[PDB]
Structures are given as C-alpha cells and as structure tokens.
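Read the structure below first, then the notes.
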Amino acid sequence: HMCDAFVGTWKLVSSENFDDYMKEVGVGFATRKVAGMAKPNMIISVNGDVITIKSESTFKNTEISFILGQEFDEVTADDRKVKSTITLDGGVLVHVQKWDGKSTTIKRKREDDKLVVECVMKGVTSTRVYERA
Ligand SMILES: O=C(O)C1=C(C(=O)Nc2sccc2-c2ccccc2)CCC1
C-alpha cells in the first residue's frame with residue numbers, strides 16, 4: 001500500500017555523480033562511457049506481495065521481482081551477481097546489494113512529482129532523478 005506511490009512508468013531526467021558511483025561498483029572505462037549515455041526507464045508494478053522493477057535502456061535491460069525483506073539473487077545492469085534485499089523504511093524503498101564482501105545501498109523516494117534514487121557505496125553518492133512517463 002505504501003508501495004503505491006512508486007507504481008508506474010518512470011524515465012530518467014537527471015543524473016549526478018553517476019560516473020564516480022559506477023567506478024566505485026567496479027565498472028570499467030568503456031562500459032562507464034556507454035552506460036553513462038543511457039536514459040533507462042523504471043517500470044514498477046505490484047501483484048499481491050510481489051513487487052517487480054523493470055528497467056529498459058540502450059545499455060541493458062534488467063528485471064527484478066521480490067517480496068519486501070526477502071533476500072534474492074539479482075544480476076545488475078553492469079553484470080554484478082549480487083544478493084539483494086529490499087525493505088520499506090517509512091515510504092522509502094531501501095535496496096542493499098552485496099557481492100564479494102562489498103555493499104551498495106539504493107534508496108528510492110518520492111519527492112514532489114519525482115522518484116529520486118540515491119545510490120551510495122563507500123564515500124560515493126550519486127542521485128538519479130526520474131519523472132513519470
Ligand atoms: O541506473 C540507475 O538509475 C539505477 C540503478 C543502477 O544501479 N544502475 C546501474 S549500476 C551500474 C550501471 C547502471 C546502469 C547504467 C545505465 C543504464 C542502466 C543501469 C539502481 C536504480 C537506479
């Protein structure tokens with residue numbers, strides 16, 4: 001029910017410090033240049049307790065389906081094989097990805113008409129702002 005604010009089709013409108021975030025998660029030069037150009041969408045839907053987040057882009061297409069609190073395997077757009085757990089902290093979706101003893105945290109929040117994504121690994125923070133399609 002809290003997930004209702006997130007449901008719909010969203011398209012990337014702005015990006016801050018994303019190159020350095022990609023560097024921190026381990027993305028190489030060529031891939032960062034090509035991925036950096038992409039304008040992914042974010043299609044969020046719900047069926048019972050299952051949340052599905054799909055992203056399509058010229059870089060890579062991804063899809064995850066999950067239940068809140070329940071760890072799952074995810075393959076990220078940059079091909080990390082991660083263990084992911086997504087929880088609701090108030091009305092913020094908090095997504096932790098763990099692999100190879102590392103961790104990154106992705107928060108999705110509604111702010112005005114936007115869906116703001118903050119991505120954090122180590123000292124490095126990037127913001128990806130989406131708006132409704
Ligand atoms: O690309 C993003 O805006 C978001 C996430 C992400 O980890 N993206 C990531 S992580 C490393 C690369 C990408 C990427 C780059 C271009 C297109 C699609 C994906 C997590 C949620 C929002």
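Chain identifiers are assigned as A, B, and so on, following the order in which chains appear in the structure tokens; residues are numbered from 1 within each chain, and ligands are numbered from 1 in order of appearance.
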Set out as a tab-separated table a contact list for chain A and ligand 1 with a cut-off of 9 Å, giving each residue of chain A that qualifies its closest atom pair and distance in Å to one decimal, counting only C-alpha atoms and all ligand atoms, ordered by chain and rising residue number.
```
residue	atom	partner	partner_atom_place_in_ligand_line	distance
A:12	CA	ligand 1	3 (O)	6.9
A:15	CA	ligand 1	3 (O)	7.9
A:18	CA	ligand 1	1 (O)	8.5
A:19	CA	ligand 1	11 (C)	9.0
A:21	CA	ligand 1	11 (C)	7.8
A:22	CA	ligand 1	11 (C)	5.2
A:23	CA	ligand 1	11 (C)	8.7
A:25	CA	ligand 1	11 (C)	7.2
A:26	CA	ligand 1	11 (C)	8.5
A:27	CA	ligand 1	11 (C)	7.0
A:31	CA	ligand 1	12 (C)	8.5
A:32	CA	ligand 1	12 (C)	7.5
A:34	CA	ligand 1	16 (C)	7.9
A:35	CA	ligand 1	16 (C)	4.2
A:36	CA	ligand 1	16 (C)	6.0
A:37	CA	ligand 1	16 (C)	7.4
A:38	CA	ligand 1	16 (C)	5.1
A:39	CA	ligand 1	17 (C)	6.4
A:40	CA	ligand 1	17 (C)	5.2
A:41	CA	ligand 1	3 (O)	8.0
A:42	CA	ligand 1	22 (C)	7.8
A:55	CA	ligand 1	18 (C)	7.2
A:56	CA	ligand 1	18 (C)	7.5
A:57	CA	ligand 1	17 (C)	6.0
A:58	CA	ligand 1	17 (C)	7.5
A:59	CA	ligand 1	17 (C)	5.4
A:60	CA	ligand 1	18 (C)	6.1
A:61	CA	ligand 1	18 (C)	7.5
A:62	CA	ligand 1	18 (C)	8.0
A:76	CA	ligand 1	10 (S)	6.6
A:77	CA	ligand 1	19 (C)	4.9
A:78	CA	ligand 1	12 (C)	5.0
A:79	CA	ligand 1	11 (C)	8.4
A:80	CA	ligand 1	11 (C)	8.7
A:95	CA	ligand 1	20 (C)	8.7
A:105	CA	ligand 1	20 (C)	9.0
A:106	CA	ligand 1	20 (C)	6.2
A:107	CA	ligand 1	21 (C)	8.0
A:108	CA	ligand 1	21 (C)	7.7
A:116	CA	ligand 1	22 (C)	8.9
A:117	CA	ligand 1	22 (C)	6.0
A:118	CA	ligand 1	22 (C)	8.0
A:119	CA	ligand 1	20 (C)	6.9
A:127	CA	ligand 1	3 (O)	8.0
A:128	CA	ligand 1	3 (O)	5.2
A:129	CA	ligand 1	3 (O)	7.7
A:130	CA	ligand 1	3 (O)	8.2
```
Write the residues you've just listed into a file as a short mmCIF file (atom, residue, chain, number, x, y, z; two decimals), in the first residue's frame, and include N, CA and C atoms for each of them.
```cif
data_model
loop_
_atom_site.label_atom_id
_atom_site.label_comp_id
_atom_site.auth_asym_id
_atom_site.auth_seq_id
_atom_site.Cartn_x
_atom_site.Cartn_y
_atom_site.Cartn_z
N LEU A 12 14.32 8.46 -16.65
CA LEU A 12 15.44 9.23 -16.13
C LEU A 12 15.45 10.64 -16.71
N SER A 15 21.00 13.15 -13.72
CA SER A 15 21.99 12.27 -13.18
C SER A 15 23.08 13.16 -12.56
N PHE A 18 27.17 10.07 -11.30
CA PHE A 18 26.97 8.66 -11.61
C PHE A 18 28.23 7.97 -12.16
N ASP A 19 29.09 8.70 -12.85
CA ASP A 19 30.34 8.10 -13.32
C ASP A 19 31.16 7.57 -12.15
N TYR A 21 30.10 6.89 -9.07
CA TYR A 21 29.41 5.73 -8.49
C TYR A 21 29.69 4.41 -9.29
N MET A 22 29.59 4.50 -10.62
CA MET A 22 29.88 3.35 -11.45
C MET A 22 31.34 2.86 -11.23
N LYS A 23 32.26 3.82 -11.12
CA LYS A 23 33.68 3.49 -10.88
C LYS A 23 33.73 2.66 -9.59
N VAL A 25 31.55 0.85 -7.90
CA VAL A 25 30.98 -0.50 -8.01
C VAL A 25 31.74 -1.41 -8.95
N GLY A 26 32.72 -0.86 -9.65
CA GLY A 26 33.71 -1.65 -10.38
C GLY A 26 33.60 -1.63 -11.90
N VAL A 27 32.84 -0.69 -12.44
CA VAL A 27 32.63 -0.59 -13.89
C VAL A 27 33.90 -0.01 -14.56
N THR A 31 32.66 0.64 -20.52
CA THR A 31 31.31 0.39 -20.08
C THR A 31 30.75 1.65 -19.41
N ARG A 32 31.56 2.38 -18.62
CA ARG A 32 31.07 3.59 -17.99
C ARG A 32 30.72 4.62 -19.05
N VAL A 34 29.64 4.13 -22.18
CA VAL A 34 28.43 3.70 -22.87
C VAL A 34 27.22 3.74 -21.91
N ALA A 35 27.40 3.23 -20.70
CA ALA A 35 26.32 3.24 -19.72
C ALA A 35 25.95 4.69 -19.31
N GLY A 36 26.94 5.57 -19.31
CA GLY A 36 26.74 6.93 -18.93
C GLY A 36 25.82 7.71 -19.84
N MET A 37 25.75 7.29 -21.09
CA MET A 37 24.89 7.92 -22.05
C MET A 37 23.41 7.49 -21.88
N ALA A 38 23.18 6.32 -21.28
CA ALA A 38 21.84 5.73 -21.27
C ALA A 38 20.81 6.54 -20.48
N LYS A 39 19.58 6.44 -20.93
CA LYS A 39 18.42 7.04 -20.28
C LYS A 39 17.43 5.93 -19.94
N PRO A 40 17.72 5.14 -18.89
CA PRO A 40 16.85 4.00 -18.56
C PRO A 40 15.51 4.47 -18.11
N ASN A 41 14.53 3.62 -18.26
CA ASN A 41 13.29 3.79 -17.54
C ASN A 41 13.25 2.93 -16.28
N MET A 42 12.11 2.95 -15.62
CA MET A 42 11.93 2.21 -14.37
C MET A 42 10.45 1.95 -14.27
N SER A 55 13.67 -2.28 -15.88
CA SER A 55 14.34 -1.17 -16.50
C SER A 55 14.78 -1.60 -17.91
N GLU A 56 14.43 -0.76 -18.86
CA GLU A 56 14.84 -0.92 -20.22
C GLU A 56 15.73 0.24 -20.60
N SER A 57 16.80 -0.03 -21.34
CA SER A 57 17.65 1.03 -21.86
C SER A 57 18.51 0.51 -23.00
N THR A 58 19.12 1.45 -23.71
CA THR A 58 20.06 1.12 -24.76
C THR A 58 21.30 0.45 -24.19
N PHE A 59 21.57 0.59 -22.90
CA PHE A 59 22.69 -0.12 -22.27
C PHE A 59 22.36 -1.58 -21.95
N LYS A 60 21.40 -1.82 -21.06
CA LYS A 60 20.97 -3.15 -20.73
C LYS A 60 19.53 -3.12 -20.22
N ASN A 61 18.81 -4.22 -20.40
CA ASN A 61 17.53 -4.41 -19.81
C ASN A 61 17.69 -5.27 -18.57
N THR A 62 16.97 -4.88 -17.51
CA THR A 62 17.01 -5.62 -16.23
C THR A 62 15.60 -5.83 -15.69
N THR A 76 22.90 -7.27 -11.94
CA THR A 76 22.75 -5.84 -12.19
C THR A 76 23.04 -5.52 -13.68
N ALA A 77 22.70 -4.30 -14.08
CA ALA A 77 22.90 -3.86 -15.49
C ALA A 77 24.35 -4.02 -15.91
N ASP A 78 25.27 -3.84 -14.99
CA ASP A 78 26.70 -4.00 -15.26
C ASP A 78 27.24 -5.36 -14.97
N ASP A 79 26.35 -6.31 -14.75
CA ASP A 79 26.66 -7.74 -14.68
C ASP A 79 27.26 -8.19 -13.39
N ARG A 80 27.09 -7.42 -12.32
CA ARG A 80 27.39 -7.95 -10.99
C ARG A 80 26.32 -8.98 -10.58
N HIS A 95 17.24 -0.59 -0.91
CA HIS A 95 17.73 -1.77 -1.64
C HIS A 95 19.22 -1.93 -1.38
N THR A 105 24.02 0.71 -1.39
CA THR A 105 22.66 0.93 -0.99
C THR A 105 21.99 1.93 -1.92
N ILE A 106 20.82 1.53 -2.38
CA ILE A 106 20.00 2.28 -3.32
C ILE A 106 18.66 2.63 -2.67
N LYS A 107 18.39 3.92 -2.55
CA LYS A 107 17.14 4.34 -1.96
C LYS A 107 16.28 5.02 -3.02
N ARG A 108 15.03 4.60 -3.08
CA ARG A 108 14.06 5.21 -3.97
C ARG A 108 13.04 5.95 -3.13
N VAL A 116 13.19 9.95 -6.79
CA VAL A 116 14.61 10.27 -6.62
C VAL A 116 15.32 9.03 -6.11
N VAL A 117 16.38 8.63 -6.84
CA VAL A 117 17.18 7.47 -6.48
C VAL A 117 18.54 7.93 -5.98
N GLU A 118 18.85 7.60 -4.72
CA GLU A 118 20.17 7.89 -4.20
C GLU A 118 20.91 6.56 -4.12
N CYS A 119 22.10 6.53 -4.69
CA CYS A 119 22.95 5.32 -4.74
C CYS A 119 24.24 5.64 -4.04
N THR A 127 22.92 10.60 -7.45
CA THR A 127 21.49 10.79 -7.48
C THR A 127 20.99 10.66 -8.94
N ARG A 128 19.92 9.89 -9.12
CA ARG A 128 19.32 9.64 -10.42
C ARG A 128 17.86 10.03 -10.24
N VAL A 129 17.42 11.11 -10.90
CA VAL A 129 16.05 11.62 -10.76
C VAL A 129 15.20 11.14 -11.95
N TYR A 130 14.03 10.57 -11.62
CA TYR A 130 13.09 10.07 -12.62
C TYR A 130 11.79 10.83 -12.52
#
```
Skip residue 131 in chain A itself and residues of its chain fewer than 5 positions away, then list as a short mmCIF file (atom, residue, chain, number, x, y, z; two decimals) with C-alpha atoms, in the first residue's frame all residues within 6 Å of it, counting only C-alpha atoms.
```
data_model
loop_
_atom_site.label_atom_id
_atom_site.label_comp_id
_atom_site.auth_asym_id
_atom_site.auth_seq_id
_atom_site.Cartn_x
_atom_site.Cartn_y
_atom_site.Cartn_z
CA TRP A 10 9.30 6.44 -14.81
CA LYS A 11 12.01 7.87 -17.09
CA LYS A 114 9.69 12.82 -8.94
#
```
Find the residues around residue 97 in chain A up to 6 Å (only C-alpha atoms counted), leave out those fewer than 5 positions away in its own chain, and share them as a ChimeraX atom specification.
-> /A:82-84,103-104
Nearest to residue 112 in chain A: which of A:54, A:9, A:132, A:87 is it, counting only C-alpha atoms?
-> A:132
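Of note, CA of residue 7 in chain A and CA of residue 81 in chain A are spaced 25.7 Å apart.
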Restricting to only C-alpha atoms, whichever of A:1, A:86, A:64, A:13 is closest to residue 113 in chain A is A:13
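The closest residue to residue 110 in chain A, picked from A:70, A:123, A:92, A:49 and counting only C-alpha atoms, is A:92.
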Determine which residues of chain A DSSP labels as strand (DSSP E or B) from the backbone of this structure, then write them out as a PyMOL selection string.
-> chain A and resi 8-16+41-47+50-55+62-66+72-75+81-89+92-99+102-111+114-121+124-132
Give the answer as one residue: which of A:67, A:24, A:53, A:93 has the shortest atom-to-atom distance to residue 122 in chain A, using only C-alpha atoms?
-> A:24
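The coordinates place CA of residue 63 in chain A at 14.4 Å from CA of residue 85 in chain A.
Backbone DSSP over range 2-127 of chain A yields alpha helix (DSSP H) at residues 18, 19, 20, 21, 22, 23, 24, 25, 29, 30, 31, 32, 33, 34, 35, 36 and 37 of chain A.
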Can you spit out the residues from that selection as a PDB file, in the first residue's frame, using N, CA and C atoms?
```pdb
ATOM      1  N   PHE A  18      27.171  10.066 -11.301  1.00  0.00           N
ATOM      2  CA  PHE A  18      26.969   8.662 -11.610  1.00  0.00           C
ATOM      3  C   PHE A  18      28.229   7.967 -12.161  1.00  0.00           C
ATOM      4  N   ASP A  19      29.092   8.697 -12.855  1.00  0.00           N
ATOM      5  CA  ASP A  19      30.335   8.099 -13.315  1.00  0.00           C
ATOM      6  C   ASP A  19      31.162   7.568 -12.148  1.00  0.00           C
ATOM      7  N   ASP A  20      31.311   8.414 -11.110  1.00  0.00           N
ATOM      8  CA  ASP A  20      32.092   8.016  -9.938  1.00  0.00           C
ATOM      9  C   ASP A  20      31.436   6.892  -9.159  1.00  0.00           C
ATOM     10  N   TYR A  21      30.101   6.892  -9.075  1.00  0.00           N
ATOM     11  CA  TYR A  21      29.408   5.728  -8.487  1.00  0.00           C
ATOM     12  C   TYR A  21      29.689   4.413  -9.292  1.00  0.00           C
ATOM     13  N   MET A  22      29.591   4.503 -10.624  1.00  0.00           N
ATOM     14  CA  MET A  22      29.881   3.345 -11.449  1.00  0.00           C
ATOM     15  C   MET A  22      31.344   2.857 -11.229  1.00  0.00           C
ATOM     16  N   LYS A  23      32.264   3.819 -11.120  1.00  0.00           N
ATOM     17  CA  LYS A  23      33.679   3.486 -10.875  1.00  0.00           C
ATOM     18  C   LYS A  23      33.734   2.657  -9.588  1.00  0.00           C
ATOM     19  N   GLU A  24      33.061   3.135  -8.537  1.00  0.00           N
ATOM     20  CA  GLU A  24      33.148   2.553  -7.182  1.00  0.00           C
ATOM     21  C   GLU A  24      32.607   1.126  -7.136  1.00  0.00           C
ATOM     22  N   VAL A  25      31.545   0.850  -7.900  1.00  0.00           N
ATOM     23  CA  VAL A  25      30.981  -0.500  -8.006  1.00  0.00           C
ATOM     24  C   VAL A  25      31.745  -1.413  -8.945  1.00  0.00           C
ATOM     25  N   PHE A  29      36.217   1.476 -17.938  1.00  0.00           N
ATOM     26  CA  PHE A  29      36.158   2.670 -18.763  1.00  0.00           C
ATOM     27  C   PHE A  29      35.103   2.611 -19.834  1.00  0.00           C
ATOM     28  N   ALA A  30      35.191   1.615 -20.716  1.00  0.00           N
ATOM     29  CA  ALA A  30      34.344   1.607 -21.918  1.00  0.00           C
ATOM     30  C   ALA A  30      32.903   1.491 -21.510  1.00  0.00           C
ATOM     31  N   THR A  31      32.658   0.636 -20.522  1.00  0.00           N
ATOM     32  CA  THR A  31      31.306   0.386 -20.082  1.00  0.00           C
ATOM     33  C   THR A  31      30.746   1.653 -19.405  1.00  0.00           C
ATOM     34  N   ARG A  32      31.558   2.376 -18.621  1.00  0.00           N
ATOM     35  CA  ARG A  32      31.069   3.586 -17.994  1.00  0.00           C
ATOM     36  C   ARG A  32      30.720   4.624 -19.054  1.00  0.00           C
ATOM     37  N   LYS A  33      31.521   4.714 -20.116  1.00  0.00           N
ATOM     38  CA  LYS A  33      31.202   5.694 -21.166  1.00  0.00           C
ATOM     39  C   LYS A  33      29.880   5.384 -21.855  1.00  0.00           C
ATOM     40  N   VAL A  34      29.642   4.125 -22.180  1.00  0.00           N
ATOM     41  CA  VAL A  34      28.425   3.700 -22.873  1.00  0.00           C
ATOM     42  C   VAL A  34      27.217   3.738 -21.909  1.00  0.00           C
ATOM     43  N   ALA A  35      27.401   3.227 -20.696  1.00  0.00           N
ATOM     44  CA  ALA A  35      26.317   3.242 -19.718  1.00  0.00           C
ATOM     45  C   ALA A  35      25.949   4.690 -19.307  1.00  0.00           C
ATOM     46  N   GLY A  36      26.939   5.565 -19.309  1.00  0.00           N
ATOM     47  CA  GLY A  36      26.735   6.935 -18.926  1.00  0.00           C
ATOM     48  C   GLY A  36      25.817   7.712 -19.837  1.00  0.00           C
ATOM     49  N   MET A  37      25.752   7.289 -21.088  1.00  0.00           N
ATOM     50  CA  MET A  37      24.895   7.917 -22.053  1.00  0.00           C
ATOM     51  C   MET A  37      23.414   7.485 -21.884  1.00  0.00           C
TER      52      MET A  37
END
```
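Atom to atom, CA of residue 100 in chain A and CA of residue 44 in chain A stand 28.0 Å apart.
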Between A:115, A:121, A:3, A:75, smallest distance to residue 96 in chain A by only C-alpha atoms belongs to A:121
